[PDB]
């Protein structure tokens, strides 16, 4: 039908705009942040994919949890995640953020940031190489490409 | 005993022994023991009351001039009536030397704060209070430094469990991060590693 | 032996003073910085065209884990549990029993890849080159559960990457 | 009891509750609280969803690794229902809409879908079925929503005789359409009330109370084939309730009476929106209808729960509706409203 | 009443995990109160449940900008407690990679400091050099930063053939990158206005506050642990110690740039003097045997098995071992009870004392000045919180 | 020398199979360089080398437009490279699998699979051990 | 040597399969169960027994230092073959 | 004799006086905490909780332990007044997400093995 | 029976490496 | 000057241990028995304190 065609094309356009302009919050915790810095460095140049850091959570689309999340830090991470406008996405980077990693059995460490926020992509490694993080970002782009918000609204 | 074995230094050993005798002679009121290790490190074991007079001496005496406080930490030994060993590591740049000062305390006995001797001690003492529960008297601002706000207990004590007692998660009914008693999907696996055969005869204790 | 970094003095002759005044009024060092950035603008950039181009890696690179086989297809792992003992993160869980033919083989071999620190101590400890860190690094997932590898996953990884793994081991094993 | 489904642990996140629950309608208001309570104690939760997966993300942290499983389903496809209830011992139905779409009317969502869910669950061997109805469900009601609810509970009892039917009355909470609905009526200057709200009695119930009641009914072996009514501890006139709502939000309260026909006209006007309607004729009818009194049915206290009064929890919903000048005002500052409690 | 502000943790200049409670009058900083522990992971307690080899990787993650230097400090402490000596080639490799690590750290410190101040471009120029340096790490160990290469007894593996030539090729060009960075910053009047006479600290206060490294040498104190208390083969390489005169941010930045140049000098000497021989101590009760020996001889298999399951026993005793890490004096107080697991391991990080001195250093300054002073202290919170 | 670079650009246009191939490679890989073909995958990936480019740009892959089941005209990722060309492409070796083929084993996958996360083929963990405690089975006959 | 259960679930080489009444099977709905198809026991069963003319044979698994620790296997018993405790390769002295 | 060094108080009377000072400070602070943190509890709830926390340690008879408890309570109050604690830290005193654990023998017997 | 082969510097050592500051004057009066 | 207390030492209120893990626990104080598989006696020299063993169960995922 014509309505399904229109909503599918509109879904395609909106998904393209959102996956081509992905602005992660200037946010990192530990050694993994160093690899993230290397992903922004000239060799990989994430800006050439349209990925740009912005300090304000109001102006950011992606949270990259790059480093260990402690109990003392968890409320602050939750706060700055809640202050991101929607749509918003979370990338968990490194073993510490993924499940606790080296410090899993610690009294002061959250055993994976998915206990605090929902996670779209898990990037393994300690730390993941900048290339592995770029692969995870492109995987998130492909995941955003598959959303069917307007089709599902039309089928309601 | 050639390439594999670490070489010895008799000159430094003798110099450190002589300086330890010097310090013990100058401050008999507080010095309980002096030791020089075989890798040339000098330790002075003192009564707690002498924390301030000894450190000040080691900082201000013309022949000591230990102006730098490299580190200040505590060690927990539950078998001792005085649980906590307080360790000061000092560096003298004038004489290119290092010294260690050791004292003891239990759970309920305060130790005099040494911020008037070394300002660097401030945070170190906070950390000790945070991790071991040792109270420092006359500290300018004593409070937790490393643990979460409201955290209960002193994690670095030997009887504190490795994973603690509470863990954190986000709860949607109350819309906030909450603390609940810790539950582990996989329990940490305790390993018994000690060989039942003695390794070092030079450290054998009398069989009581 | 030492040097001073900021212990120089300026000459007070009219030539040097007038040169300093000209620098102050005409902004010569700012123009020098502009020239440096302009020079960088005309240099070739260092960006590689990922994913069509990749960063260089060594045969010693530590990637996704795999379990290996003998050329006959028999598993190399004999359930000694040295990798489990040495693992600094306690990421390995092993259960074993005698097989139907009496062989010493594992029934459970799990690696929690969200606990793992990718140190490679397991492959150093292994006496039969059974567990290895392969070259693959692009194995991100959408869920946490997919990163809890069981023995079937690790054997599949070995079967999938053995061609590369064997070549890397052949390249590096004379250093081990 | 199927050894793998024998309770273990302390009742926390890593524990095993012994419950395997399929929660239809888990992506809505009551569904998130039900899923959170199930996942708190270590239940295996299955979430059938028809919406975009981005709209289920908030349910992911609610359970430990492996304890929440998401699956697509279609309300008009019995194979999807069979797929999502095949391995469950508990099925909870929270599917419902407060308006009619071009694809699903009230009969579709309140009669046909509950009947299909109950029949498939009975075929698949599910042991416990929880069905949510309304306190004011009536075959002769002026609201077609409530007529469909009554018909649907009849059919659910027909297809699954051991079902537990729970009839709440106007749940209030952070994501509710009750307290937020009355607080969003200020955007129109005055507050229209039929008969000034003087001939309507409401007995709203807290959301956490309802979720805990569902959990306890699952854990209660006597609750097998019973019908519960979940109501709050106090009864209010609609005028007094709305005035209290506006006082808690510190907004000027200007109530005026609008006749039934004009309010119906306004509701039909708002019904033409292709998005979520601000109000409907059915919503207008349900708002101005008194809550039924059903003493013969067991309630929350028969499941070990003392009902939370509105006065202790109104601020957690209505603080968001205040201007900056009144955000810090404390809970006990508002002087609770009068109650007509028999 | 002063205004109270949360500076971080989610702040660009706060390094991710630092929450600084600042009391301000306008933009004048009345008081600085750093709150830390947002990256406290309980490393020191976790180490008490590990063997010495198992504890080694925890040191990579303390100062994650200087990995092999932390490895070297821990290895030296354990070797002192074991009364053993690393082989000479291992010591030369250790010094070479320590200077490569100092290059990495000083690049990170200088460029991130400049980025806080506002000069964003040199970060991009220098991080490609960091990338090339990362490859040297990965080629030697298989990991770009957390190498775990330096172990008690020596190093884990020998250098692959061809690594020295590539290190030489990189080293013969790094000086021009330093020159470009200095052309961008050193004589710029905006940079000097942002750095000169900011965070001035006296020599006496620096000593009493527990400062080390550049935080001392910027104030004129002639002290460097590589010169005064040498370890490995540092008493066989020639280099100069940069010394400041004002004790401010500008002199410390100049000192770090000159330390990069002297590190290049040391790296050249290390490349030209690398000797042949084995790369770990020839004592199989401490260092594991070669894999071919393990698969052929009974004693080698037994020692491999025991070193990888129980680990070597360390004789009882306590040592405080310190090195001149790129961020200052990095120390370990290691207590062995005689078993194969350390009884206590206190880690001394220079950033701890340096950040404790931040409120003193910020007196009489503004917000931007405090940003500059944070950059000039060269703080990494992995080592601060441990 | 502007004419030289213009002629090199036109040569790049001609060396990609005309304007249509030039635009295909421009829109599929944002790169229009022409290099020496080293080999081709069984899946359709082509591999090119140009040692006159600096290290990191001297080797590259043009991905196939159709892998195991999916259309990869626009959706490509690094997991599509099979292991032998993975070793060549990341410069872990200097020899392509054409001059130095990998050792054959009967247990090695004949068909490389890419990252299947988010698909019905995704990996699902499960315990691989048998049941540990065996329950008593009551007798099936009445006892009185 | 793969094999299917009465539920249609493939049985792994560890002999682990979910029962007919096990709820945990729900984890494989809309997804799959990862199973390795190259069963090591069957693969080593296809290797032939090597005839050697000595009472003691040496095995290191092939490849020299790329194999397993070198062990020595006694072949005195004529009722059975000599099996390597690392590799599974079988050896015997010629008989008959 | 017992030769013990005090912390602040020589006997139980001065320790009790310090306890009363700390209690007054907390009681005064509670309404400000309710307002500043935007809590949904009443001031009576907070004060009842403060009383409960103090009552938890009523059995202590050692003046040094009392002094250390007062020191810890002062630390907690200073954390609260300066808004170093967040709302989660304040609400952690109420345990609003933990299910009620039974105390009688029979319910514990039904639920598990813990005594 | 081959010779020991190790990563070592070439005979006569490596070529000289520059480290000192180089900021040319490069300006008019 | 010292204050001369006369009560037994009790630090329970200062350790931060939950009530349940104080009054319901039973510790065993013992010299561990020699492992019968070996003749070495070096693991039978010191006294050990350990706690009573509590419930362990199977994780639904991963077992």
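So that you can tell them apart, the chains are marked A, B, C, D, E, F, G, H, I and J in the order they are listed, and the count of residues begins at 1 in each.
By our rule, a contact is a pair of C-beta atoms (placed from the backbone, for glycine too) under 8 Å apart; a residue touches a chain by one contact, two chains touch by 3 or more.
Chains and their UniProt names: A = NADH dehydrogenase [ubiquinone] iron-sulfur protein 7, mitochondrial; B = NADH dehydrogenase [ubiquinone] iron-sulfur protein 3, mitochondrial; C = NADH dehydrogenase [ubiquinone] iron-sulfur protein 8, mitochondrial; E = NADH dehydrogenase [ubiquinone] iron-sulfur protein 2, mitochondrial; F = NADH dehydrogenase [ubiquinone] 1 alpha subcomplex subunit 12; G = NADH dehydrogenase [ubiquinone] iron-sulfur protein 6, mitochondrial; H = NADH dehydrogenase [ubiquinone] 1 alpha subcomplex subunit 6.
S.K.: Starting at subunit B, what is the smallest number of hops through touching chains needed to reach subunit E?
M.R.: So the least number of steps between the two chains is 1.
S.K.: What chains touch subunit C and also subunit G?
M.R.: Common contact partners of subunit C and subunit G, which must touch each of the two, are D, E, F.
S.K.: Among the chains, which one keeps its Cα centre farthest from the Cα centre of subunit H?
M.R.: The most remote chain is I.
S.K.: When the centre of a chain is set as the mean of its C-alpha atoms, what distance in Å lies between subunit E and subunit G?
M.R.: Measuring from centre to centre gives 49 Å for this pair.
S.K.: Report the inter-centroid distance (CA atoms only) between subunit B and subunit H in whole Å.
M.R.: Here the centre of subunit H sits 30 Å away from the centre of subunit B.
S.K.: For subunit A and subunit I, what's the span in angstrom between their mean Cα positions?
M.R.: Computed value for the inter-centroid distance: 44 Å.
S.K.: Please compute the C-alpha centroid of subunit E, do the same for subunit J, then give the distance between them in whole Å.
M.R.: 39
S.K.: Could you tell me which residues belong to subunit D and also touch two or more other chains?
M.R.: Touching at least two other chains: 4, 9-10, 14-15, 44, 58, 61, 65-66.
S.K.: What are the residues of subunit H that contact at least two other chains?
M.R.: Within subunit H, the residues that touch at least two other chains are 4-5, 62, 64-65, 68, 84, 86, 88, 97, 112, 114.
S.K.: Could you tell me which residues belong to subunit J and also touch two or more other chains?
M.R.: 9, 11, 14, 55, 58-63
S.K.: Sort out for me which residues of subunit A touch subunit B in the complex.
M.R.: Contacts found on subunit A: 70-72, 74-75, 78, 105-108, 110-111, 115-117.
S.K.: Sort out for me which residues of subunit B touch subunit J in the complex.
M.R.: 107-108, 133, 151-154, 157, 159, 165, 181, 185-187, 194-198, 205
S.K.: Would you mind writing out the residues of subunit D in touch with subunit B in their complex?
M.R.: These residues of subunit D touch subunit B: 9-10, 12-15, 32-33, 36-37, 58, 61-62, 64-65, 174, 208, 211.
S.K.: Help me check something: in the complex, which residues belonging to subunit F touch subunit A?
M.R.: Within the complex, subunit F contacts subunit A at residues 56, 75, 77-79, 115, 117-118.
S.K.: So in the complex, which bits of subunit E are touching subunit I?
M.R.: 158-164, 168, 171-172, 175-176, 179, 182-183, 186-187, 261-262, 264-265, 267-268, 271-274, 276
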